[PDB]
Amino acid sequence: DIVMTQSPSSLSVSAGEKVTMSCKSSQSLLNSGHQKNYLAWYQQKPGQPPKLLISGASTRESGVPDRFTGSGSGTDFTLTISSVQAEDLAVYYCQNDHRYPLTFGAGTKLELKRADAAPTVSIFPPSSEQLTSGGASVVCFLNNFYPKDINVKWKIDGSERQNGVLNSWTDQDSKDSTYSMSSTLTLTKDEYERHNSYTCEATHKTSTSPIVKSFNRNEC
């Protein structure tokens, strides 16, 4: 089994920059008959299948921007992006395409860097359909911030709650390279009805003053 070894495991840069990834095989991929190296690069964007960028180490598929360049020989291969763009956020895999069993590297994740950004925060009361179901979730959306680092503080009547809080970050955004995050505080209808003020507090290094968003159940 040929062993594919990619490096670095992760790589962060700014739009416009150039990057470089290493792929190293344990045996040579050169087909001396064809005088070609059978190394293939693939790009997997979040939630999509892998897409072929380059085969034979250096041959781009139709419609692959020439910002992408594959090079190398034998056991040492590198994928080169000349001007990284926001859309290029993905995991890049190389693939032994020379000898059964075909084998993949573990992939190199290309993350993006832009200016620090402040999150736009929205709160949402439980829906009347979920109250009828006997649950009660209070949702807070923190949208389009940078960095991914962000703390959400939930408070019920000025008192701090940390029991039903679930958080979910998006993958980085392929247009503005920001992150969003969804914080959900889930209570029973019973407890939800016995309190009134519901607040989410977004502390992000983009400022020292938290962003706060609140509602009163009685007004909902």
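From 1 onward, residues are counted along the sequence shown.
Per the PDB record, of the two stretches 37-45 and 161-169, 161-169 carries the greater mean B-factor over its C-alpha atoms. For the pair 5-13 and 204-212, the mean Cα B-factor is higher in 204-212.
For the set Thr59, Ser28, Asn151, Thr184, the PDB entry puts the maximum C-alpha B factor at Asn151. Of the candidates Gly107, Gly74, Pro126, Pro147, the PDB record gives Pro147 the highest C-alpha temperature factor. Sort the modelled residues of the chain by CA B factor and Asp88 lands in the middle third. The deposited CA B-factor of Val64 belongs to the middle third of values across its chain. When the modelled residues of the chain are ordered by their C-alpha B factor, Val138 lands in the lowest third. Sort the chain's modelled residues by C-alpha temperature factor and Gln95 lands in the lowest third, per the entry. When the CA B factors of the chain's modelled residues are split into thirds, the value for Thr103 lands in the lowest one.
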